[PDB]
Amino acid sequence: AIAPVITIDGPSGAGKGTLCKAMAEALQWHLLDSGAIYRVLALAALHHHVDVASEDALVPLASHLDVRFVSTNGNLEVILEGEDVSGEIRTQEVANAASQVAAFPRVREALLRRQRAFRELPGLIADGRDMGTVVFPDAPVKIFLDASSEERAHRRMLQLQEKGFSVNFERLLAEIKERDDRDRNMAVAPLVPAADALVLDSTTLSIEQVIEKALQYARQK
């Protein structure tokens, strides 16, 4: 007793986000956005003066987390413990922590069941860095979008350039390069594609083409 899926994962900046809003739009498939979750988890950790450094304090917060996602409106507002926090989880600090919050074995666990319960007819698209390596290791579909460092950098340090912020290519470069040698050497929660994941790059690829591509693989299998 279960419904179909998909597993569009990959590193930040890869544009796996907007890709999902098609997978899920053209298909009307429940769009599960992970990253956010952690981002709320981290936020909640922050305001709850919970020591995001202490793995011995990030599991309770998770296993009783009040985080849900809106329906079909303008885009997708994430809600927390009773109030909206979209713009706040998209902060340039919440992530530094949301990067800490997701680097602990037990964390994921408590977040685990909280995710697997997202599946439902017809299907559930899943943005993330592991929707195959762990959560949906049975998803007929398994896309793994990817993008170089210099580029994924642009794909961000620029994406926020016309959003009223200041940032330098040099920094964010290092910043993402950092998470890589982290996410990589990471032990658990690597970032390597699912042994049957369609490795799909997008550096010199267009977003209109990634969609194009992706979908091809979709209904196919």
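Throughout, we count residues from 1 along the sequence that is shown.
- For the pair 13-21 and 199-207, the mean B factor over Cα atoms is greater in 13-21.
- For the pair 26-34 and 179-187, the mean B factor over Cα atoms is greater in 179-187.
- The PDB entry assigns its highest CA temperature factor, among 150, 120, 130, 146, to 120.
- The entry assigns its greatest Cα B factor, within the set 154, 68, 39, 47, to 68.
- The deposited CA B-factor of residue 142 belongs to the middle third of values across its chain.
- Per the PDB record, residue ranking by Cα B-factor puts residue 193 in the middle third of the chain.
- Residue-level temperature factors show residue 83 in the middle third of its chain, judged at the C-alpha atom.
- Ranked against the other modelled residues of its chain, the C-alpha B-factor of residue 98 as given in the entry falls in the lowest third.
- Ranked by Cα temperature factor within the chain, residue 89 sits in the lowest third according to the deposited record.
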